[PDB]
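A.B. asks: Opening piece of a complex, kept in its complex position:
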Amino acid sequence: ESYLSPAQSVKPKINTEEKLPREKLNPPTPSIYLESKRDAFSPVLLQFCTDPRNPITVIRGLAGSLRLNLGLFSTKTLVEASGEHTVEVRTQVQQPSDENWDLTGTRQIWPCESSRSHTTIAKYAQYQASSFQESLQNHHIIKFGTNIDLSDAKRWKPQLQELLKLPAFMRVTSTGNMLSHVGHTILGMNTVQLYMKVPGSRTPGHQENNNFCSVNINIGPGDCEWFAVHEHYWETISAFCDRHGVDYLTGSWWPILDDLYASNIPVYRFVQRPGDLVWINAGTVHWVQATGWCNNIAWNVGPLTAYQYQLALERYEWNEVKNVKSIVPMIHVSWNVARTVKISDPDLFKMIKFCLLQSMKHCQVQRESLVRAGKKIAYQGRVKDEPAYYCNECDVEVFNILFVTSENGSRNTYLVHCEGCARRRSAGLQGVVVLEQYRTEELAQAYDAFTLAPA
């Protein structure tokens, strides 16, 4: 099972038990500009976005110069770009700036209001537009547009079409963005997502699932207050997660400066403005508040850069041992990337090598102890762009071999099983089909194909 150890890690090491003054705890974060396409497209900018030195960078006015029609992303032409769709919204209380008090009205507890809800897109558009101008020209309540699917380029054609005049790594997905290579359309992960919000809108702090780099463009006209934190302090969250009871993953919480102040976690406080762009570096746990009526276009990418992969796989391992749900299959992604990418760095070379070898070994052992003692070892074939199949009794990724049978269902739908849950099923496995889509010979051939180009 184990696929990782202290053999592959570019992750810079700092200790959470540190001391920091106000300057270090509140320093300006590395920022840059863009005066031509070559700037962002040049490796200097992309590396700056893949550079561990800066927790996050601001590409100020990037759209302001190239002039892509991000105003078409405006909820106005959004309604004139959609009448009916789903807009998931997190109901939350309109606190002023950073004063998310509690019932008693004089405390700042870590837990934050984060409740699910949804309706038609035009419903949220009406609500947000009406609450705009401050509801036709603290005390207030605010529905919070979140993760509004945009995986279709037809109804949003101007948007996605004009959203390609930028570099591939800052682009939705391309050979410089490993998300393209997963053969999937992870919602809110590899297909850009637009989320509208009103002043004070707050997405509780977090690290983007799997620790990718994030490309965020608030098309405005709203602004945004920010709280960025570098990846080192991540377990620091966990620390006060125990103190204030909240959790670091999948929970709800809006930190306050003093909250992590005993954590001595600095705060890269800054903002943006209509049309700007920003790169939230992989590993930056950020808590944002749209202080004005705005709409974000945000998604996640990882350049093949070495630091990205290592900063990311930590979350994958965490989730695997924390039974926590991930949103990107690193195993499968590592494969297609190691299969059709110009890997040209020894660091990432061995980095992938180790866990890929572990994948080979565990698939080997699985089929070995279960070939004839198993149950009809099948060869599905892995038709192109098969959705990554995830267990449900444990959720863990199932690669190559799998346990899928039609679990009743008047329409005969199919449910998936892994070795970990094959246990709860019965002795080893007794009842569920086995369907492995890659013969060990083919996967070994692909492994052999993996090489470090001299680029």
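C.D. replies: Everything's here; your move. Numbering: from 1, shown residues only, chains lettered A, B, ... in the order given.
A.B. asks: Just to confirm, what's the three-state secondary structure of the closest residue to residue A:227 other than its chain neighbours?
C.D. replies: In space, and not counting its chain neighbours, residue A:227 is closest to residue A:287: 4.4 Å by CB to CB, 6 or more residues apart in numbering. Backbone N, C-alpha and C define where each C-beta goes, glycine included. Assigned with DSSP: H, G, I helix; E, B strand; the rest coil, residue A:287 falls in the strand class.
A.B. asks: quick one: contacts for residue A:287?
C.D. replies: Residues near residue A:287 by CB atoms under 8 Å, 6 or more residues apart in numbering: A:202, A:203, A:204, A:205, A:206, A:226, A:227, A:254, A:255.
A.B. asks: Considering these, which is situated nearest to residue A:432?
C.D. replies: Of all these, residue A:206 has the smallest distance to residue A:432: 35.1 Å, by CB to CB.
A.B. asks: which residues does the closest one bridge with?
C.D. replies: Beta-bridge partners recorded for residue A:206 (DSSP bridges): residue A:286.
A.B. asks: how many other residues sit next to it?
C.D. replies: Applying other CB atoms under 10 Å, we find 17 residues neighbouring residue A:206.
A.B. asks: Verify the contact between it and residue A:283 for me.
C.D. replies: No. With contacts counted by CB atoms under 8 Å, residue A:206 stays clear of residue A:283, the gap being 11.9 Å.
A.B. asks: circling back: among the contacts of residue A:287, which are in strands?
C.D. replies: Counted as lying in strands by DSSP state E, out of those, are A:202, A:203, A:204, A:205, A:206.
A.B. asks: Looking at those, which is nearest residue A:439?
C.D. replies: Looking across the ones in strands among the contacts of residue A:287 and measuring by CB to CB, the closest to residue A:439 is residue A:206, at 39.9 Å.
A.B. asks: Kindly incorporate the sequence below as chain B:
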Amino acid sequence: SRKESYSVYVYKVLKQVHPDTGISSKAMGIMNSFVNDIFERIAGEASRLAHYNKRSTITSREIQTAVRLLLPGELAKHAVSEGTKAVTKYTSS
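C.D. replies: Let me add chain B to what's already shown:
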């Protein structure tokens, strides 16, 4: 013996509304039956009206009320007008 029917008067009314049109025998029987039906209806309704109000006579009031209760809307309006005019002319003479 000697029967009685409205055929003698139904032919006068006909001559007053369609001077050159005649009527067959079946049609005349239908007309006589229709007059009998409407007479029975109105007389019965007027009798019920008189009995309800603890009275023992049927007058123009009862007939007019029965016409209003049995006739549907515009027929009723025109019939009431014609009946009131007829009673006025009868009294004046």
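A.B. asks: Go ahead and flag the most central residue of chain B.
C.D. replies: Nearest to the geometric centre of chain B sits residue B:39, at 5.7 Å (CA atoms, centre = their mean).
A.B. asks: quick one: what helix or strand has that residue in it?
C.D. replies: In this structure, residue B:39 sits in helix B:25-52 according to DSSP states H and E.
A.B. asks: which of the residues in that helix are buried?
C.D. replies: The neighbour-count check on helix B:25-52 (16 or more other CB atoms under 10 Å in any protein chain shown) flags B:28, B:31, B:32, B:42, B:45, B:46, B:49, B:50 as buried.
A.B. asks: thinking again about what came up before, next up, the contacts around the residue nearest to the centre of chain B.
C.D. replies: With contacts defined as CB atoms under 8 Å, 6 or more residues apart in numbering or on different chains, residue B:39 has no neighbours.
A.B. asks: related to what we said a few turns ago, distance from the chain centre to the helix holding residue B:39, please.
C.D. replies: From the chain centre to the centre of helix B:25-52 is a distance of 7 Å (CA atoms, centre = their mean, to the nearest Å).
A.B. asks: quick one: residue A:191 and residue A:151 touch, right?
C.D. replies: Yes. Here residue A:191 reaches residue A:151: they are 4.4 Å apart, a contact under CB under 8 Å.
A.B. asks: and these two? which has more neighbours close in?
C.D. replies: residue A:191 (20 against 14; other CB atoms under 10 Å in any protein chain shown).
A.B. asks: Look up the residues forming beta bridges with the more buried one.
C.D. replies: Counting by DSSP bridges, the residues bridging with residue A:191 are residue A:187.
A.B. asks: how near is it to residue A:95?
C.D. replies: Going from residue A:191 to residue A:95 by CB to CB, to the nearest Å gives 31 Å.
A.B. asks: The following sequence is to be added as chain C:
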Amino acid sequence: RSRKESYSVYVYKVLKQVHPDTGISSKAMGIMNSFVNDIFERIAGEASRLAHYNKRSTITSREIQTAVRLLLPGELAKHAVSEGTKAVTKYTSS
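C.D. replies: With chain C now in place:
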């Protein structure tokens, strides 16, 4: 002030005949009184029409019996006619 007659006095006696330990509410009593009045009106009107058809000026037991035959449905008609015949025989005999 002024009196108002009703069939409640006799309806209760009939009820005591049928069920010797059951009562009746006021609304149910009004319903029964209305039913008696309605059936009386129906039978009397049919008998009057029968007498008018045959150029008679009196309503006799035969007119009532034929009206009952025309109005009441099936078995009820036979039972009611039998009862009425027995009642008239008892009345005339005594």
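A.B. asks: again for the buried residues of helix B:25-52, since chain C is there now?
C.D. replies: Under the neighbour-count criterion of 16+ other CB under 10 Å, helix B:25-52 has B:28, B:31, B:32, B:42, B:45, B:46, B:49, B:50 buried.
A.B. asks: Please name the residues that touch the second one.
C.D. replies: With contact taken as CB under 8 Å, 6+ apart, residue B:31 is in contact with B:6, B:7, B:10, B:23.
A.B. asks: So what's the residue count around the last one?
C.D. replies: Spelled out, it's residue B:23. Number of residues near residue B:23 (other CB under 10 Å) recorded here: 15.
A.B. asks: what's the closest non-adjacent residue to it?
C.D. replies: residue B:14 (6.2 Å; CB to CB, 6 or more residues apart in numbering or on different chains).
A.B. asks: again, but for the third one
C.D. replies: In space, and not counting its chain neighbours, residue B:10 is closest to residue B:31: 4.9 Å by CB to CB, 6+ apart.
A.B. asks: same thing with residue A:120?
C.D. replies: residue A:84 (5.5 Å).
A.B. asks: Enumerate every residue touching that neighbour.
C.D. replies: If you count contacts by CB under 8 Å, 6+ apart, residue A:84 has them with A:120, A:121, A:122.
A.B. asks: Give me the three-state assignment for it.
C.D. replies: Residue A:84 ends up coil, using three-state DSSP.
A.B. asks: quick one, phi/psi of it?
C.D. replies: Main-chain torsions, residue A:84, degrees, to the nearest 10: phi -130, psi 130.
A.B. asks: what about it, distance to residue A:295?
C.D. replies: Residue A:84 sits 18 Å away from residue A:295, taking CB to CB as the criterion.
A.B. asks: re the thing from before, in terms of helix, strand or coil, where does the residue nearest to residue B:23 fall?
C.D. replies: State at residue B:14, reduced to three classes by three-state DSSP: helix.
A.B. asks: That one: how many residues sit nearby?
C.D. replies: 15.
A.B. asks: separation between residue A:158 and residue A:78?
C.D. replies: Applying CB to CB to residue A:158 and residue A:78 gives a distance of 11 Å.
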